[PDB]
Amino acid sequence: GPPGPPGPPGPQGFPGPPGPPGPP
Amino acid sequence: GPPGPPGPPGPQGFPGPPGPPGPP
Amino acid sequence: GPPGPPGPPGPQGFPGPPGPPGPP
């Protein structure tokens, strides 16, 4: 019959990259 | 009937860690 | 039909903040 509803939201993305070096 | 469309992309990941200490 | 498959992984998190101040 008709296609089901859309699936659930995917997994959370990966953690962000490290920030840059601090100020001098 | 068939499985529905793929779900939405997941939530964004958490922010990355603080960068290393600044250069001298 | 049944609900669709899970969505893709979300976007990567934002970059971290700048690191601690460096030595003098």
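Reckoned from all heavy atoms, side chains included, excluding hydrogens, waters and symmetry mates. We name chains A, B, ... by the order of the sequence lines, and we start the count at 1 in each one.
In this structure, chain A has heavy atoms under 4.5 Å from both the backbone and the side chain of B:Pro17. Both the backbone and the side chain of A:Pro15 come within contact range of chain B, judged by heavy atoms closer than 4.5 Å.
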Check every N and O of chain B against chain A and note each donor-acceptor pair under 3.5 Å, with its distance.
{"from": "B:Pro2", "atom 1": "O", "to": "A:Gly4", "atom 2": "N", "distance (Å)": "2.9"}
{"from": "B:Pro5", "atom 1": "O", "to": "A:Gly7", "atom 2": "N", "distance (Å)": "2.9"}
{"from": "B:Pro8", "atom 1": "O", "to": "A:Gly10", "atom 2": "N", "distance (Å)": "2.9"}
{"from": "B:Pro11", "atom 1": "O", "to": "A:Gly13", "atom 2": "N", "distance (Å)": "2.8"}
{"from": "B:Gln12", "atom 1": "O", "to": "A:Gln12", "atom 2": "NE2", "distance (Å)": "3.1"}
{"from": "B:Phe14", "atom 1": "O", "to": "A:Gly16", "atom 2": "N", "distance (Å)": "2.9"}
{"from": "B:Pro17", "atom 1": "O", "to": "A:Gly19", "atom 2": "N", "distance (Å)": "3.0"}
{"from": "B:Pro20", "atom 1": "O", "to": "A:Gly22", "atom 2": "N", "distance (Å)": "3.0"}

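Of the residues considered (B:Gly1, B:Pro3, B:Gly7), B:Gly7 shows the highest number of contacts with chain A, using heavy-atom pairs under 4.5 Å.
Residues forming a side chain to side chain contact (heavy atoms under 4.5 Å, CB included) with B:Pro20 (at least two apart in sequence, or on another chain): A:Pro21.
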